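What follows is a single chain, given as structure tokens, in the form deposited in one PDB entry.
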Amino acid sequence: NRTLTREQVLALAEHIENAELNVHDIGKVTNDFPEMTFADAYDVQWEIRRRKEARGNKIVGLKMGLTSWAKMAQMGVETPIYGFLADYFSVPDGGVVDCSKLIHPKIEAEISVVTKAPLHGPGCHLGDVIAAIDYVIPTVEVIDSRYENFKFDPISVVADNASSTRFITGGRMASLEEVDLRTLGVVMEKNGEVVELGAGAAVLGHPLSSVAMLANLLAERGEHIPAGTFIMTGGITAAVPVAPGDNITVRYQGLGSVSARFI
């Protein structure tokens, strides 16, 4: 289920990571490696993770992508994927994001969880996840594919760490029993007006199903979700482009709001 040589995995990881670190797009890597598999692509992603760890970055969480109809439709792919979150991705509520470090960024409204017990696949179900949730965190992702025109096939996107680049936490961060993640309403405002909205159920029917799916995907590589992991469960709505001068506010039903501005 692999077609890359080890040398190619290491070199592709450097190439793709450099596009992020040096703020430029690249061609879809499947153009040069058309036989590349998902296992190849995740090898590349985890090697990028290793590069970041080796230079001292902490990995502060994981994200699930392409979990909602809206995001599947927008990106043309219907296969859920995951990627990792590095510490310097983090942005404080109300913070300023420097777009000069970004290529062609978009924002997504999500709900995140922090776990308090390990989760393992395979065969992880919704009922296995519930007690492992410590609390929930309103989170806006900034995604920024390193591929030109934000156009990819899923294998390329996995290799590019599922387009991850920034995330903004905010609002009220409460216990799971206090928050219905299925019916949680989310309203995205940009420059003072509503531009997107949705409910948590858009994420695979229930955001906690995304957590179960992540455990199952990780198990394919012998990995799991350690206790204390921050997980972004997926874009509830279509992603919206942002640019210098923009301000955004995402309102979470009963949980306040997350805001940011861009320069």
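Definition used throughout: the rigid core is the maximal C-alpha set that superposes within 1.5 Å between two forms. Only residues modelled in both forms are compared. Position 1 is the first residue in the sequence shown; the rest follow in order.
J.: Averaging C-alpha B-factors over each stretch, which comes out higher, 92-100 or 131-139?
T.: Result: 92-100.
J.: If you take the mean CA temperature factor per stretch, which one wins between 118-126 and 74-82?
T.: Looking at the recorded C-alpha B-factors, 74-82 comes out higher on average.
J.: Highest Cα B-factor in the PDB entry belongs to which of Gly192, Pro105, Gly170, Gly185?
T.: Of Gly192, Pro105, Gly170, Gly185, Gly192 has the highest C-alpha B-factor.
J.: Looking at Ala109, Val179, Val113, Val158, which has the highest Cα B-factor in the entry?
T.: Within the set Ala109, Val179, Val113, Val158, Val179 shows the top C-alpha B-factor.
J.: If you rank every modelled residue in this chain by C-alpha B factor, which third holds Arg221: lowest, middle or highest?
T.: Within its chain, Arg221 is a middle-third residue by C-alpha B-factor, going by the deposited values.
J.: Determine, from the deposited record, the chain-internal third of the Cα B-factor for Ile16: lowest, middle or highest.
T.: For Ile16, whose C-alpha B-factor we compare with every modelled residue in the chain, the answer is the lowest third.
J.: Check where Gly61 lands among this chain's C-alpha B-factors and tell me if it's the lowest, middle or highest third.
T.: As the PDB entry reports it, the C-alpha B-factor of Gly61 lands in the middle third of its chain.
J.: Please place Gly205 in the lowest, middle or highest third of its chain according to the CA B-factor in the PDB entry.
T.: Its C-alpha B-factor, which the entry lists for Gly205, ranks in the highest third among residues of this chain.
J.: Of the three thirds of its chain by CA temperature factor, lowest, middle or highest, which one includes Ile26?
T.: According to the entry, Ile26 has a C-alpha B-factor in the chain's middle third.
Below: the form deposited in another entry, not depicted.
J.: Looking at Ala117, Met72, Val96, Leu126, which has a Cα shift of 2 angstroms or more between this form and the one not shown when the rigid core is held fixed?
T.: The answer here is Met72.
J.: If the two forms are fitted on the core, does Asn191 show a Cα displacement reaching 2 angstroms between this form and the one not shown?
T.: After core superposition, the displacement of the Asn191 C-alpha between this form and the one not shown stays below 2 Å, so no.
J.: Can a Cα shift of no less than 2 Å be assigned to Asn149 between this form and the one not shown, given superposition on the rigid core?
T.: Shift at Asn149: 2 Å or more after core fit.
J.: What direction does the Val77-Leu217 Cα distance move in that other deposited form compared with the shown chain, closer or farther, given a change of 3 Å or more?
T.: Compared with this form, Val77 and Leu217 lie closer in that other deposited form.
J.: So the CA-CA distance for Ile107 and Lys71 moves by at least 3 angstroms in that other deposited form. Closer or farther than here?
T.: It is farther: in that other deposited form, the C-alpha atoms of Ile107 and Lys71 lie at least 3 Å more apart than they do here.
J.: Determine the segments between this form and the one not shown made of three or more consecutive residues whose Cα atoms all move at least 2 Å, using the rigid core for the superposition and only residues common to both forms.
T.: After core superposition, the displaced runs are 68-79, 149-152.
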